[PDB]
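Observations on the model geometry
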Amino acid sequence: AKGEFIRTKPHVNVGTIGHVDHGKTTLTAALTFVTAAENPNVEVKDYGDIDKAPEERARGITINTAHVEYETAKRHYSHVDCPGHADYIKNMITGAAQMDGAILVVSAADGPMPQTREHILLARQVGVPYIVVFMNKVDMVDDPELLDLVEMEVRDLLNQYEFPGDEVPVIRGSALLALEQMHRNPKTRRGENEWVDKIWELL
RNA sequence: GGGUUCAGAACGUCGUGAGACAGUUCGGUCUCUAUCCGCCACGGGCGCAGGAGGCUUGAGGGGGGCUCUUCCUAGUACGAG
Ligand SMILES: Nc1nc2c(ncn2[C@@H]2O[C@H](COP(=O)(O)OP(=O)(O)CP(=O)(O)O)[C@@H](O)[C@H]2O)c(=O)[nH]1
Ligand SMILES: [Mg+2]
């Protein structure tokens, strides 16, 4: 009652970094629910069990790199979910020392923060060729052209440590909402619900 | 009436002694009846510029005024955390 792994598509490890409280984990649980419906072989994880360690849970934050499995009819992924803060950097650095690609995560409301830097810096010294940004917390105050300033300065940061910043695919949206509807929408593909389609732009 | 503050008894101690010490130590009677002012209640009498059965206004008095936890705004202002 464990089942044999059926290697169909190719496997690639992608991790998720970025400062604290910026949606790193939820965005992670999201990719689980999102990519779920449109294909089996995923096994759903939630904001709760993604961070099953007491305190990590009861206390609020993420303390240990997760490790999630979700695919696409295109490519199979293994998602290593790093923690924000400092202190635990010794656990993100270990999560990072793996992941082929890093799904960077910045927040519209806050913008690139102190850890956002170092993480990127570690990625340039860990050996994570390729980064993808994902502005989260966008569903905040109508910023006609403010969230645009983020993608202007975040790219400045990436192209500040030898990263294709100007090329880096900066998706936009919210993970909470995206998650939320999915949370109460198990089965349901893309090209339908608002935000859910914002996750796929990233996937 | 547990402490002190009578009489008994003892310790230490001081005194030849009787005795002595806010030094200890055990014991050791706390008084049915409220006249007046005061107070809580309750009436009788006369008064209210005509006699009565009812229902009332409220000057002025009194009473009562308290506080904690948790959830939501929101893990949002602020904060590297
Ligand atoms: N407004 C808004 N809030 C969101 C969004 N995504 C997440 N959040 C908020 O952040 C909370 C937890 O975020 P989480 O994903 O764990 O943050 P994190 O990136 O893991 C921070 P660390 O890993 O360092 O502990 C959520 O319960 C929610 O209130 C979003 O897209 N918009
Ligand atoms: Mg986390």
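What counts, and where the lines are drawn
Residues numbered from 1 in each chain as written, not as in the entry; some residues may be left out. Chains lettered and ligands numbered in written order. Part of a larger assembly, values for the part shown. Heavy atoms only, no water. Pairing = 2+ DSSP bridges. Helix = DSSP H or I, 4+ residues; strand = E, 2+ residues; numbered from the N terminus. Core = buried A, V, L, I, M, F, W, Y, C linked by side-chain atoms within 4.5 Å. Buried < 20%, exposed > 50% of the residue type's maximum accessible area, 1.4 Å probe, protein only. Contact = heavy atoms within 4.5 Å. Near = heavy atom within 4 Å. Polar contact = N/O pair within 3.5 Å; in protein donor to acceptor, adjacent residues only side chain to side chain. Areas by Shrake-Rupley, 256 points an atom, 1.4 Å probe, with all protein chains shown as cover. UniProt positions renumbered as here; feature names shortened; annotations may be inferred. Axes fitted to C-alpha atoms, helices over the stretch in contact; angles between N-to-C directions.

Quick word on the pairing of strand β1 (residues 11-16)
Relative to strand β3 (residues 76-81), β1 is paired through 6 bridges, and the arrangement is parallel. Considered in β3, the bridge of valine 12 is made with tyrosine 77. Two strands pair when backbone bridges link them, and β1 and strand β4 (residues 101-103) are joined in this way by 2 bridges, in the parallel orientation. Directly across from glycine 15, in β4, lies its bridge partner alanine 102.

A look at the nonpolar core
Core analysis: the biggest nonpolar cluster contains 27 residues, and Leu27, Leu31, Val34, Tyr70, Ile103, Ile199 and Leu202 have the highest contact counts within it. Looking at this core, the elements with two or more residues in it are β1, α1 (24-37), β2 (68-70), α5 (175-183) and α6 (196-200). Look past the residues within four positions of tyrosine 70 in its chain and what remains in contact with it is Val14, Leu31, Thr32, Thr35, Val42, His76, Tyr77, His79, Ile103 and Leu203. Core analysis: the second largest hydrophobic core is formed by 26 residues, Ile120, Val128, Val138 and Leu147 among them.

Side note on the pairing of β3
Of all 6 residues in β3, 5 are buried; the element is thus mostly enclosed. Here β2 hands over to β3 after 5 residues, the two strands then running antiparallel side by side.

Looking at the sheet that holds strand β8 (residues 171-172)
Strands sit in the order β5-β7-β8 across an open sheet of 3 strands; the sheet is parallel. The sheet is open, and its two edges are formed by β5 (106-107) and β8, each paired on a single side.

Section: the site of ligand 1
Surrounding ligand 1, one finds 19 residues, the nearest of these being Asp21, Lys24, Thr25, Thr26 and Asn136. Between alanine 175 and ligand 1, the recorded distance is 3.3 Å, taken from a backbone N or O atom to an oxygen atom. At 3.5 Å, a backbone N or O of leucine 176 approaches an oxygen atom of ligand 1. Relative to its unbound accessible area of 670 Å², ligand 1 is 82% covered by the protein chains. Put simply, the parts of the chain that give the shell around ligand 1 at least two residues each are α1 and α5. Counting residues per element, the shell around ligand 1 draws most heavily on α1, which supplies 3 residues.

A look at the protein's contact with RNA strand B
For RNA strand B, the full set of nearby residues is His19, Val20, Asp21, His85 and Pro114. The separation between a phosphate oxygen of RNA strand B and a polar side-chain atom of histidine 19 is 3.1 Å. In this structure, a sugar or linking oxygen belonging to RNA strand B sits 3.3 Å away from a side-chain N or O atom of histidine 85.

Description of the UniProt feature "binding site: Mg(2+)" in chain A
Here, the residues flagged by UniProt with the feature "binding site: Mg(2+)" are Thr25. Tracing the backbone through its elements, the reader meets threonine 25 in helix α1. You can call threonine 25 buried: its relative accessible area is 7%. Non-local contacts of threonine 25, meaning those with residues more than four positions away in its chain, are made with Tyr47, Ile50, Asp51, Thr62 and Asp81.

With respect to the sheet that holds strand β6 (residues 131-132)
Spatially, the 5 strands line up as an open sheet ordered β2-β3-β1-β4-β6, and their pairing is mixed. In this open sheet, the two edge strands, each paired with only one partner strand, are β2 and β6. Sheet analysis places β4 next to β6, joined by 2 bridges and oriented parallel. Bridge pairing in β6 links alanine 102 to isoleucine 131. Across the sheet, α1 is in contact with β1, β2, β3 and β4; its angle to β3 comes to roughly 160°.

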